[PDB]
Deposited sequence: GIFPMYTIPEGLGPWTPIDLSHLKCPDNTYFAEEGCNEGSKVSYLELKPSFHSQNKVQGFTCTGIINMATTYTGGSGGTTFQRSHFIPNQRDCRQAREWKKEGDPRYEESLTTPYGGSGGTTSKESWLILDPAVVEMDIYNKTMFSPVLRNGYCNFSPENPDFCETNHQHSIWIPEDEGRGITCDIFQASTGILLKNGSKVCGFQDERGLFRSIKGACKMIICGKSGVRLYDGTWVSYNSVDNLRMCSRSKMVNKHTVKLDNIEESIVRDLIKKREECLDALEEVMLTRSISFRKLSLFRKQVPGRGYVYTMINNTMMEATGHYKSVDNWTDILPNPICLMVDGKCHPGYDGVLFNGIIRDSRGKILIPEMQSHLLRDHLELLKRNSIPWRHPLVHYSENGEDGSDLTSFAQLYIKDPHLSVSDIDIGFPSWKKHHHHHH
């Protein structure tokens, strides 16, 4: 476990719900007798693609007693309110972020009926929401779907004579072949590696295979994960989080993983390629500049990503780093409120509780 990790080539931020935060996958396999290879021109996935499984949406509830709304007017209602004249009819409650896999494009969320939904002839452009009379709609009719998900990059396919022991990234990251498998995405053939990255290079598929690891390291990963899950348990309870606690969601080993922040009291997600950091100067060459992708990362409203913030005098507070310095800071400790809980998440079975709005 390096002292620290910092994302390389960070993707754009997507707003998410609290329930979307996931504890990092901290597995990383070493390089042994596998160092030489041939440079392989291959395309891999752009960082936005890994934020394609979060589809923005709103919900719609009709009334005079509640009635079953239909998509067309729900949209023009949702298009108003985005600027406001009538304010009522169809009650529009947002954000309603859902997950969806790239393959069947199935949607998954507690606000959707039976936990999930699939666009069908009977619902071509909406989901039912296990409410009496509320239907869920995405914010882009096309659900931010696209296949412009690849870019050119140069790596080295690693020799072991004839056989392939692994891969090495354009960044330099050794990614092994231990948990690699072959899979087409968007009509291109490529390899799917344990780490999460997909690469286009062809030779010869949530879970985790953990049989070839020393007890000591599999115990440490379980330690790490449980720590993070307690924090998640408490974030979900209190709808709040401290920048300290948020740092437990930072992928602790080099590799692809999520990067988390808070903007406008909403949790935000992006994808990056994590690189080991050995010296605080390597990412803070002076106290006021967090170096990410060769640029000072400015942040927003004093908040960078992954629990990093900026104090009252402009200095960067990296939780892990302050903690190793025994220098406590109330700003790292204060609970940041994430108020929004969507009404129809915990809903069951003349006018609902969301008569409030």
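In sequence order, the deposited residues that have no C-alpha coordinates form the ranges 1-2, 67-83, 108-125, 242-246, 248-255, 400-405, 414-440.
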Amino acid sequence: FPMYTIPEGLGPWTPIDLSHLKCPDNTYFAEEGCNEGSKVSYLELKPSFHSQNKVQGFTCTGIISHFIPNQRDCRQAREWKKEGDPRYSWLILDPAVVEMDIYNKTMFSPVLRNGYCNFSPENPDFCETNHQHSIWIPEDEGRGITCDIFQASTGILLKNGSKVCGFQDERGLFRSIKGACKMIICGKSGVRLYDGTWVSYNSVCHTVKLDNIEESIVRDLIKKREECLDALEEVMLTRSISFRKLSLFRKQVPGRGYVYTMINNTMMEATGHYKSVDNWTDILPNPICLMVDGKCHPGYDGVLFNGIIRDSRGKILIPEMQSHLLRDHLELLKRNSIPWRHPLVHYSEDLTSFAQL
From here on, numbers count along this sequence of modelled residues.
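Taking the mean C-alpha B-factor of each stretch as recorded, 32-40 and 307-315 are not equal, and the higher mean is that of 32-40. The question of which stretch, 169-177 or 283-291, has the higher mean Cα B factor is settled in favour of 169-177. Among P124, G161, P110, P254, the highest C-alpha B-factor recorded in the PDB entry belongs to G161.
The maximum CA B-factor among the listed residues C117, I135, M267, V208, taken from the PDB record, is found at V208.
When the CA B factors of the chain's modelled residues are split into thirds, the value for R225 lands in the lowest one. When the modelled residues of the chain are ordered by C-alpha B-factor, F243 sits in the lowest third. Among the modelled residues of the chain, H329 sits in the lowest third by CA temperature factor in this PDB entry. Sorting the modelled residues of the chain by their CA temperature factor places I184 in the highest third. In the PDB entry, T106 places in the middle third of its chain by CA B-factor.
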